[PDB]
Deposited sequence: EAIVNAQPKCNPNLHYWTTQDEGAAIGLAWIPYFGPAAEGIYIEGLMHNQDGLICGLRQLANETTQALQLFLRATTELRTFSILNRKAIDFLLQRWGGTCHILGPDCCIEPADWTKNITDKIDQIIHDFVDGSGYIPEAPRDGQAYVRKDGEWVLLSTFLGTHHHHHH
């Protein structure tokens, strides 16, 4: 589905913070490095392609499924959601036998048709 923002308002700019990378000198050593308050980088994203307003709606609509997932787990703190998505991505494409040219099978023999279409000019090319 495409995402339809249906909020009272939208802040179209995302002034974000996150954690980082290539350190300077000894700054990677916990004893010498930043405190908890000083590990963050900042950036600013504008609403190109409506992605920011869409993102706000997406986070909003994610909440029900996320909460139902949290209700059903017994882990006190959940860190594995994205890793499990990565696994499920792989299982979707490669969890069974990949039938070449089938719709659920991600192998392209485009060049390898060409490599044997060039090999039609192999024997009855030179069929002297």
Q | Deposited sequence positions missing from the model - stretches, numbered from 1, in order | A | 21-22, 131-168
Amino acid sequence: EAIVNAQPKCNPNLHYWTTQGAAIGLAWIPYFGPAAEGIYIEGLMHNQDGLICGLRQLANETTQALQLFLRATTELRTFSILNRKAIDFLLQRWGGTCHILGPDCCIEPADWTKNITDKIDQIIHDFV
From here on, numbers count along this sequence of modelled residues.
(Q) I need to verify one thing: averaged over C-alpha atoms only, is the B-factor higher for 10-18 or for 106-114? (A) 106-114
Q: Select between 94-102 and 76-84 the stretch whose C-alpha atoms have the higher average B-factor in the entry.
A: 94-102
